[PDB]
$ cat upload27.csv   # CSV, C-alpha atoms and all ligand atoms
chain,number,residue,atom,x,y,z
U,1,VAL,CA,14.6,-4.5,-15.3
U,2,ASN,CA,13.2,-1.7,-13.0
U,3,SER,CA,14.8,0.9,-10.5
U,4,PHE,CA,13.9,-0.9,-7.2
U,5,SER,CA,17.1,-1.7,-5.2
U,6,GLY,CA,17.9,-3.8,-2.0
U,7,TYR,CA,14.7,-5.9,-2.0
U,8,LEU,CA,14.6,-9.5,-0.9
U,9,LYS,CA,12.7,-11.7,-3.4
U,10,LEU,CA,9.9,-13.7,-1.6
U,11,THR,CA,8.2,-15.2,-4.7
U,12,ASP,CA,8.1,-14.9,-8.5
U,13,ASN,CA,6.4,-11.5,-8.2
U,14,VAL,CA,6.6,-10.2,-4.6
U,15,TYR,CA,9.6,-8.4,-3.1
U,16,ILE,CA,10.1,-6.9,0.3
U,17,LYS,CA,12.5,-4.3,1.9
U,18,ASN,CA,12.8,-2.5,5.3
U,19,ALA,CA,12.2,1.0,4.1
U,20,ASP,CA,10.1,4.1,4.6
U,21,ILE,CA,7.6,4.1,1.7
U,22,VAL,CA,7.8,7.9,1.6
U,23,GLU,CA,11.6,7.9,1.2
U,24,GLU,CA,11.4,5.0,-1.3
U,25,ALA,CA,8.8,6.8,-3.4
U,26,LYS,CA,10.9,10.0,-3.4
U,27,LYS,CA,14.0,8.0,-4.6
U,28,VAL,CA,12.3,5.7,-7.2
U,29,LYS,CA,9.3,7.8,-8.5
U,30,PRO,CA,7.5,4.6,-9.3
U,31,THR,CA,4.5,4.5,-11.8
U,32,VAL,CA,2.3,3.5,-8.8
U,33,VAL,CA,2.6,4.0,-5.1
U,34,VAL,CA,-0.2,2.4,-3.0
U,35,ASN,CA,-1.7,4.4,-0.1
U,36,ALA,CA,-3.3,2.7,2.9
U,37,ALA,CA,-6.4,4.7,2.5
U,38,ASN,CA,-9.7,4.9,4.4
U,39,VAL,CA,-13.1,5.2,2.6
U,40,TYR,CA,-13.2,9.0,3.2
U,41,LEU,CA,-9.6,9.5,1.9
U,42,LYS,CA,-8.8,11.3,5.2
U,43,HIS,CA,-5.1,11.0,5.3
U,44,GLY,CA,-4.5,11.6,9.0
U,45,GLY,CA,-1.8,9.1,10.1
U,46,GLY,CA,0.4,6.1,9.1
U,47,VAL,CA,1.1,5.5,5.4
U,48,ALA,CA,-1.7,7.9,4.4
U,49,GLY,CA,-0.7,10.7,6.8
U,50,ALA,CA,3.0,10.3,6.0
U,51,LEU,CA,2.4,10.2,2.2
U,52,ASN,CA,0.1,13.2,2.4
U,53,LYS,CA,2.6,15.2,4.5
U,54,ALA,CA,5.3,14.5,1.9
U,55,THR,CA,2.9,16.1,-0.8
U,56,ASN,CA,2.5,19.2,1.4
U,57,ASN,CA,-1.2,18.3,1.7
U,58,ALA,CA,-1.8,18.3,-2.1
U,59,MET,CA,-2.9,14.6,-1.8
U,60,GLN,CA,-5.6,15.7,0.7
U,61,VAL,CA,-6.8,18.6,-1.4
U,62,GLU,CA,-7.2,16.3,-4.4
U,63,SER,CA,-8.8,13.6,-2.3
U,64,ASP,CA,-11.4,16.0,-0.9
U,65,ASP,CA,-12.4,17.0,-4.4
U,66,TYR,CA,-12.7,13.3,-5.4
U,67,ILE,CA,-14.9,12.5,-2.4
U,68,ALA,CA,-17.1,15.6,-3.0
U,69,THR,CA,-17.8,14.3,-6.5
U,70,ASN,CA,-17.9,10.5,-6.0
U,71,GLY,CA,-18.7,9.8,-2.4
U,72,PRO,CA,-16.7,7.4,-0.2
U,73,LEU,CA,-14.9,4.3,-1.4
U,74,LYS,CA,-15.9,0.8,-0.4
U,75,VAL,CA,-13.9,-1.2,2.1
U,76,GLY,CA,-11.9,-3.5,-0.2
U,77,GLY,CA,-12.0,-0.8,-3.0
U,78,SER,CA,-9.7,1.7,-4.6
U,79,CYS,CA,-9.3,4.7,-6.8
U,80,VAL,CA,-6.4,6.0,-8.9
U,81,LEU,CA,-5.4,9.7,-8.2
U,82,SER,CA,-2.2,11.7,-8.8
U,83,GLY,CA,1.1,10.6,-7.3
U,84,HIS,CA,2.1,14.2,-6.9
U,85,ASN,CA,5.8,14.5,-6.1
U,86,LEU,CA,6.0,10.8,-5.1
U,87,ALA,CA,5.0,8.7,-8.1
U,88,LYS,CA,3.1,9.1,-11.4
U,89,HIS,CA,-0.1,7.7,-9.8
U,90,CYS,CA,-1.3,6.9,-6.3
U,91,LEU,CA,-3.6,3.8,-5.9
U,92,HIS,CA,-5.6,4.5,-2.8
U,93,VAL,CA,-6.6,1.1,-1.5
U,94,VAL,CA,-8.9,0.5,1.5
U,95,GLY,CA,-8.0,-2.5,3.5
U,96,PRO,CA,-10.4,-3.5,6.4
U,97,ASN,CA,-9.6,-1.6,9.6
U,98,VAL,CA,-9.8,-4.2,12.5
U,99,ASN,CA,-9.8,-1.3,15.0
U,100,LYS,CA,-13.3,-0.4,13.4
U,101,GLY,CA,-14.6,-4.0,13.3
U,102,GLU,CA,-14.3,-4.6,9.4
U,103,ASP,CA,-14.4,-8.1,7.9
U,104,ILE,CA,-10.8,-9.3,7.5
U,105,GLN,CA,-12.0,-11.4,4.5
U,106,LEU,CA,-12.1,-8.0,2.7
U,107,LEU,CA,-8.3,-7.9,2.7
U,108,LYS,CA,-8.1,-10.3,-0.3
U,109,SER,CA,-10.5,-8.0,-2.2
U,110,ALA,CA,-8.3,-5.0,-1.3
U,111,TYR,CA,-5.2,-6.7,-2.7
U,112,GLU,CA,-7.0,-7.7,-5.9
U,113,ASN,CA,-6.9,-4.0,-6.8
U,114,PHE,CA,-3.1,-4.3,-7.2
U,115,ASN,CA,-3.6,-6.7,-10.2
U,116,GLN,CA,-4.8,-3.8,-12.3
U,117,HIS,CA,-1.2,-2.4,-12.3
U,118,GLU,CA,1.9,-4.2,-13.7
U,119,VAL,CA,4.3,-2.8,-11.0
U,120,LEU,CA,3.6,-1.2,-7.6
U,121,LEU,CA,5.4,0.2,-4.6
U,122,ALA,CA,3.1,-0.7,-1.6
U,123,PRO,CA,2.7,-1.1,2.1
U,124,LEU,CA,1.2,-4.2,3.7
U,125,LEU,CA,-2.6,-3.6,3.6
U,126,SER,CA,-4.4,-3.5,6.9
U,127,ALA,CA,-1.1,-3.5,8.9
U,128,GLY,CA,0.1,-0.8,11.3
U,129,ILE,CA,-2.8,1.3,12.7
U,130,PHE,CA,-5.4,-0.7,10.7
U,131,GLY,CA,-4.9,-3.4,13.3
U,132,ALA,CA,-4.5,-6.7,11.2
U,133,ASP,CA,-1.7,-9.2,11.7
U,134,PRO,CA,1.0,-8.2,9.2
U,135,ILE,CA,2.1,-11.9,8.8
U,136,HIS,CA,-1.4,-12.6,7.6
U,137,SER,CA,-1.4,-9.5,5.3
U,138,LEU,CA,1.8,-10.7,3.6
U,139,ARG,CA,0.3,-14.2,3.1
U,140,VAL,CA,-2.8,-12.7,1.5
U,141,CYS,CA,-0.6,-10.4,-0.7
U,142,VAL,CA,1.5,-13.4,-1.9
U,143,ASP,CA,-1.6,-15.5,-2.6
U,144,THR,CA,-3.6,-12.7,-4.3
U,145,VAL,CA,-1.3,-10.3,-6.2
U,146,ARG,CA,0.0,-11.6,-9.5
U,147,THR,CA,1.6,-8.4,-10.7
U,148,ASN,CA,5.0,-7.2,-9.5
U,149,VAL,CA,4.8,-5.7,-6.0
U,150,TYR,CA,7.6,-4.1,-4.0
U,151,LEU,CA,6.6,-4.0,-0.3
U,152,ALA,CA,8.1,-1.4,2.0
U,153,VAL,CA,8.1,-2.4,5.6
U,154,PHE,CA,8.8,0.7,7.8
U,155,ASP,CA,9.4,-1.1,11.1
U,156,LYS,CA,12.8,-2.9,11.1
U,157,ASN,CA,11.8,-5.4,13.8
U,158,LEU,CA,8.6,-6.3,11.8
U,159,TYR,CA,10.6,-6.7,8.6
U,160,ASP,CA,12.9,-9.3,10.2
U,161,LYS,CA,9.9,-11.2,11.7
U,162,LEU,CA,8.1,-11.2,8.3
U,163,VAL,CA,11.1,-12.6,6.4
U,164,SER,CA,12.1,-15.1,9.1
U,165,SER,CA,8.5,-16.5,9.4
U,166,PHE,CA,7.7,-16.5,5.6
U,167,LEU,CA,6.6,-19.9,4.2
D,201,LIG,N1,7.3,8.4,7.4
D,201,LIG,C1,6.3,7.3,7.7
D,201,LIG,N2,6.4,6.1,6.9
D,201,LIG,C2,5.4,5.0,7.3
D,201,LIG,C3,5.4,3.8,6.5
D,201,LIG,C4,4.6,2.8,6.8
D,201,LIG,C5,3.7,2.9,7.9
D,201,LIG,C6,3.7,4.1,8.6
D,201,LIG,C7,4.5,5.1,8.3
D,201,LIG,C8,4.5,6.4,9.1
D,201,LIG,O1,3.7,6.4,10.0
D,201,LIG,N3,5.4,7.4,8.8
$ encode --input "upload27.csv" --output "structure tokens"
Amino acid sequence: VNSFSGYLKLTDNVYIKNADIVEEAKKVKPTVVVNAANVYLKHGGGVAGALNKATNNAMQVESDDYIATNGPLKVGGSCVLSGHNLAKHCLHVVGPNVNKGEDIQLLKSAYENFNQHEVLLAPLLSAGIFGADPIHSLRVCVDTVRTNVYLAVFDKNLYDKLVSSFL
């Protein structure tokens, strides 16, 4: 048993809810929250901008030190950093950004990072301002992630479409 409430069960291991991931993280304080990161860990908008704002920019300060030491992530890659006031850890995962012309086949590689963690609170990778079809992102999630993932879908309208179209 875990602290996640009000989720619809899609599969053995994947759950979904219409919720703001920031407000969900603040309430649950999960072991892992996933950020929809870019390779530079520049948290300007969407999940990354909203999560970073909720940390009072401490996520960005930590991220800048990480990049200064290690250089950029790979598209499809990840790093584990602090969760600040939102979670124990933040798993920064880089899905392909369609609005930059990145290979959508890298979405499966992105979701494979989740398998290194037993339980996660996450957004749909490559959705929103990353430009991919969220229905596709949910299919790749279900077909790739084997650990227990709690998906927060910010947009009410999209949530209802994801559930009502789910195979
Ligand atoms: N507060 C906030 N929450 C989000 C959750 C998912 C995607 C985007 C966002 C966003 O842009 N702002």
$ closest_residue --input "upload27.csv" --among "U:155, U:133, U:143, U:112" --to "ligand LIG 201 (chain D)" --atoms "only C-alpha atoms and all ligand atoms"
U:155
$ closest_residue --input "upload27.csv" --among "U:58, U:121, U:140, U:98" --to "residue 28 in chain U" --atoms "only C-alpha atoms"
U:121
$ residues_near_point --input "upload27.csv" --point "(-3.7, 6.1, -9.2)" --cutoff "9 Å" --atoms "all atoms listed in the file" --output "ChimeraX atom specification"
/U:31-34,78-83,88-92
$ write_last_selection --input "upload27.csv" --atoms "C-alpha atoms" --output "short mmCIF file (atom, residue, chain, number, x, y, z; two decimals), in the frame of the given file"
data_model
loop_
_atom_site.label_atom_id
_atom_site.label_comp_id
_atom_site.auth_asym_id
_atom_site.auth_seq_id
_atom_site.Cartn_x
_atom_site.Cartn_y
_atom_site.Cartn_z
CA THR U 31 4.50 4.50 -11.80
CA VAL U 32 2.30 3.50 -8.80
CA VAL U 33 2.60 4.00 -5.10
CA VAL U 34 -0.20 2.40 -3.00
CA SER U 78 -9.70 1.70 -4.60
CA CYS U 79 -9.30 4.70 -6.80
CA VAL U 80 -6.40 6.00 -8.90
CA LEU U 81 -5.40 9.70 -8.20
CA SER U 82 -2.20 11.70 -8.80
CA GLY U 83 1.10 10.60 -7.30
CA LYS U 88 3.10 9.10 -11.40
CA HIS U 89 -0.10 7.70 -9.80
CA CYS U 90 -1.30 6.90 -6.30
CA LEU U 91 -3.60 3.80 -5.90
CA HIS U 92 -5.60 4.50 -2.80
#
$ residues_around --input "upload27.csv" --residues "residue 60 in chain U" --least-positions-apart "4" --cutoff "10 Å" --atoms "all atoms listed in the file" --output "PyMOL selection string"
chain U and resi 41-44+48-49+51-53+55-56+64-66
$ write_last_selection --input "upload27.csv" --atoms "C-alpha atoms" --output "PDB file, in the coordinates of the input"
ATOM      1  CA  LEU U  41      -9.600   9.500   1.900  1.00  0.00           C
ATOM      2  CA  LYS U  42      -8.800  11.300   5.200  1.00  0.00           C
ATOM      3  CA  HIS U  43      -5.100  11.000   5.300  1.00  0.00           C
ATOM      4  CA  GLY U  44      -4.500  11.600   9.000  1.00  0.00           C
ATOM      5  CA  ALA U  48      -1.700   7.900   4.400  1.00  0.00           C
ATOM      6  CA  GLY U  49      -0.700  10.700   6.800  1.00  0.00           C
ATOM      7  CA  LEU U  51       2.400  10.200   2.200  1.00  0.00           C
ATOM      8  CA  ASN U  52       0.100  13.200   2.400  1.00  0.00           C
ATOM      9  CA  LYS U  53       2.600  15.200   4.500  1.00  0.00           C
ATOM     10  CA  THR U  55       2.900  16.100  -0.800  1.00  0.00           C
ATOM     11  CA  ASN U  56       2.500  19.200   1.400  1.00  0.00           C
ATOM     12  CA  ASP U  64     -11.400  16.000  -0.900  1.00  0.00           C
ATOM     13  CA  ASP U  65     -12.400  17.000  -4.400  1.00  0.00           C
ATOM     14  CA  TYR U  66     -12.700  13.300  -5.400  1.00  0.00           C
TER      15      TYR U  66
END
$ closest_residue --input "upload27.csv" --among "U:19, U:141, U:61, U:8" --to "ligand LIG 201 (chain D)" --atoms "only C-alpha atoms and all ligand atoms"
U:19
$ build_atoms --input "upload27.csv" --residues "range 1-16 of chain U" --atoms "N, CA and C atoms" --output "CSV table (one decimal), keeping the file's coordinate frame"
chain,number,residue,atom,x,y,z
U,1,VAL,N,13.9,-5.1,-16.4
U,1,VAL,CA,14.6,-4.5,-15.3
U,1,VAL,C,13.9,-3.2,-14.9
U,2,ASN,N,13.8,-3.0,-13.5
U,2,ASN,CA,13.2,-1.7,-13.0
U,2,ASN,C,14.3,-1.2,-12.0
U,3,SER,N,13.9,0.0,-11.3
U,3,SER,CA,14.8,0.9,-10.5
U,3,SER,C,14.7,0.5,-9.0
U,4,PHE,N,13.9,-0.5,-8.6
U,4,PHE,CA,13.9,-0.9,-7.2
U,4,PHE,C,15.2,-1.6,-6.8
U,5,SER,N,15.8,-1.2,-5.6
U,5,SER,CA,17.1,-1.7,-5.2
U,5,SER,C,17.0,-2.2,-3.7
U,6,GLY,N,17.7,-3.3,-3.4
U,6,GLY,CA,17.9,-3.8,-2.0
U,6,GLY,C,16.7,-4.6,-1.5
U,7,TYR,N,15.8,-5.1,-2.4
U,7,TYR,CA,14.7,-5.9,-2.0
U,7,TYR,C,15.1,-7.3,-1.9
U,8,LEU,N,14.5,-8.0,-1.0
U,8,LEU,CA,14.6,-9.5,-0.9
U,8,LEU,C,13.4,-10.0,-1.7
U,9,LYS,N,13.7,-11.1,-2.5
U,9,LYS,CA,12.7,-11.7,-3.4
U,9,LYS,C,11.9,-12.7,-2.5
U,10,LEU,N,10.6,-12.7,-2.4
U,10,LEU,CA,9.9,-13.7,-1.6
U,10,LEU,C,9.3,-14.7,-2.6
U,11,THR,N,8.8,-14.3,-3.7
U,11,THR,CA,8.2,-15.2,-4.7
U,11,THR,C,8.5,-14.7,-6.1
U,12,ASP,N,7.9,-15.3,-7.1
U,12,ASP,CA,8.1,-14.9,-8.5
U,12,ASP,C,7.8,-13.4,-8.7
U,13,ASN,N,6.9,-12.9,-7.9
U,13,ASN,CA,6.4,-11.5,-8.2
U,13,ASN,C,6.4,-10.6,-7.0
U,14,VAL,N,6.7,-11.0,-5.8
U,14,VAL,CA,6.6,-10.2,-4.6
U,14,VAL,C,8.0,-10.1,-4.0
U,15,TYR,N,8.3,-8.8,-3.7
U,15,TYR,CA,9.6,-8.4,-3.1
U,15,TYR,C,9.4,-7.6,-1.9
U,16,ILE,N,10.3,-7.6,-1.0
U,16,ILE,CA,10.1,-6.9,0.3
U,16,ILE,C,11.4,-6.2,0.8
